[PDB]
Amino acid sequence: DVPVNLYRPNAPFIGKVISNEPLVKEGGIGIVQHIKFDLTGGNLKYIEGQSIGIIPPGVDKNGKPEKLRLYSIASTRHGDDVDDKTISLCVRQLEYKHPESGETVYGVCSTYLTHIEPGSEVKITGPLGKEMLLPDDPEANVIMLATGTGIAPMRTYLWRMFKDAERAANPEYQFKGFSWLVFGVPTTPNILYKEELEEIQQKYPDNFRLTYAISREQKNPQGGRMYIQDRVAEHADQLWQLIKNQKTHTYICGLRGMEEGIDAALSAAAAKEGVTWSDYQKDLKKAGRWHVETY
């Protein structure tokens, strides 16, 4: 079933940008864009939780052509308009410090993508990944632990679960389990897809819980800035009791670094019932119910 590598770097699909929209509001930190591509012309199909490659134009500092960068698909299999004609991405412009030898450094593929014009042609590969896939069971529980652009696989899950047009298009997937997003960003303007996320929770208060960790607006109990791991610690017992369900899947996605705090919190919960989390977790991985994509 799972489509993989319908296009490869040696002969990528040439898509066209339909749209490029700002996801970070005024007063937020950084630039994250929602970019939709036209898939007509070829046969790139994909499902939720997968990634695609984008090959940027240009050569590196060595004169060699730039390679593909991997990006979590931010749309469901059907695309944002539920026509099966497009695919979307959620791209943060990488930028950073003086210790890089220059000044402020801007990432090649991410600057290219966040500044790209509708009408522009992009080299696209994939889809890739069997690690962040959603169970076909409509009564599965789905815990989603996301920071920043790690919201992208979560968006594909939630849109498939809860969008009116998605439910109408997917007769076999009528989600009636429980899902819980814990989403961590620096500010409220940085809550990507905030409006749609909150409308899902208003529409399905019993099937979807939304929790934010906003570091510039909230403090954890020890006085530090609030991060996703603090929220997982706060709800460690609850999250552990859902994780004990044979049908619960947990997904972690975002830049690398949150996993160590998530594990310490869940470890302390499981220890209360004589269970060593790290061992339970290894069994969850083998079972295909512990999903991780950090980068």
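All residue numbers refer to positions in the sequence shown, first residue = 1.
**Message:** On mean Cα temperature factor in this entry, is 156 to 164 or 95 to 103 the higher one?
**Reply:** The entry gives the higher C-alpha B-factor average to 95 to 103.
**Request:** Look over 107 to 115 and 169 to 177 in the entry and identify the one with the greater average Cα temperature factor.
**Result:** It is 169 to 177 that shows the higher mean C-alpha B-factor.
**Prompt:** Checking the entry, which one of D136, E217, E196, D81 has the top C-alpha B factor?
**Reply:** Of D136, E217, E196, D81, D136 has the highest C-alpha B-factor.
**Prompt:** Whose C-alpha has the highest temperature factor in the PDB entry: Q50, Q246, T40, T250?
**Reply:** It is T40.
**Third of chain Cα B-factors occupied by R77** = For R77, the deposited C-alpha B-factor lands in the lowest third.
**Asked** In terms of the CA temperature factor given in the entry, to which third of its chain does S88 belong: lowest, middle or highest?
**Response** Lowest third.
**Asked** Comparing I191 with the other modelled residues of its chain, is its CA B-factor in the lowest, middle or highest third?
**Response** For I191, whose C-alpha B-factor we compare with every modelled residue in the chain, the answer is the middle third.
**Message:** Quick check for you: using the entry's CA B-factors within this chain, is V142 in the lowest, middle or highest third?
**Reply:** Tercile = middle for this residue's CA B-factor.
**Item:** Among modelled residues of the same chain, the CA temperature factor third for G274
**Value:** According to the entry, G274 has a C-alpha B-factor in the chain's highest third.
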